[PDB]
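Q: Need coordinates for the below:
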Amino acid sequence: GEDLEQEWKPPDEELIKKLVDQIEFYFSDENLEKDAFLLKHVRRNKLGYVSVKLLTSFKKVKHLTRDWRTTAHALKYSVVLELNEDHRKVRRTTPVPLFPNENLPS
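A: Residues are numbered from 1 along each chain as shown. Structure as follows:
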C-alpha cells in the first residue's frame, strides 16, 4: 500500500506558545487599528473567520512558521479564538468592535 498520508507531524509545545500568542493579538483591537487588511477579513464574516494560510504568513508569524497545518495545531491551544471544521480557518470568540473606517457608506 503506497497511498499518501492524510495528516502531518505538529509543532512542539514552545513553538505553539509563540504561534498562538501571535494569532491571539492578531484578532485583538490593538492589531485591528493598524492592520486594516486583517480588520477587513474579520469584519467580512458573520462569525469572524480568517484563512490559516494567511495567518501563518503574517509579518511576525513568518519568523517562526509558514504552514497552515503547523498553525492549525496551535489553534487548539487558543483561549480567545475558535478553529473551523477542518482547522483551515479561525475566528475570535467575540465579535470584533466596529472601527471608524467601517462607519463609511462607500
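
Q: so where do the strands sit in this structure?
A: Across the chain, reading from the start of the chain, the strands by DSSP state E fall at 50-51, 81-83, 89-92.

Q: If you count contacts, what does the helix ranked longest in the chain end up packed against?
A: For the chain, the helix with the greatest residue count under DSSP state H is helix 13-26. Contacting helix 13-26 under the criterion 3 or more C-beta pairs under 8 Å, 6 or more residues apart in numbering; DSSP states H and E are the following elements: helix 68-75. Every C-beta, even on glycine, is put in place using the N, C-alpha and C of the backbone.

Q: repeat that for 10 Å
A: Applying 3 or more C-beta pairs under 10 Å, 6 or more residues apart in numbering; DSSP states H and E, one finds that helix 13-26 contacts helix 29-32, helix 52-55, helix 68-75, strand 81-83, strand 89-92.

Q: between these, which one is nearest to residue 17?
A: Comparing these by their distance to residue 17 (C-beta to C-beta), the top pick is helix 68-75, with 8.5 Å.

Q: between the closest one and helix 13-26, how big is the angle?
A: Here helix 68-75 points in a direction 80 degrees away from that of helix 13-26 (axes from the mean of the first three to the mean of the last three C-alpha atoms, to 10 degrees).

Q: Identify all contacting residues around helix 68-75.
A: By C-beta atoms under 10 Å, 6 or more residues apart in numbering, the list of residues contacting helix 68-75 from outside reads 7-11, 15-24, 51-58, 61, 64-65, 67, 81-84, 86-90.
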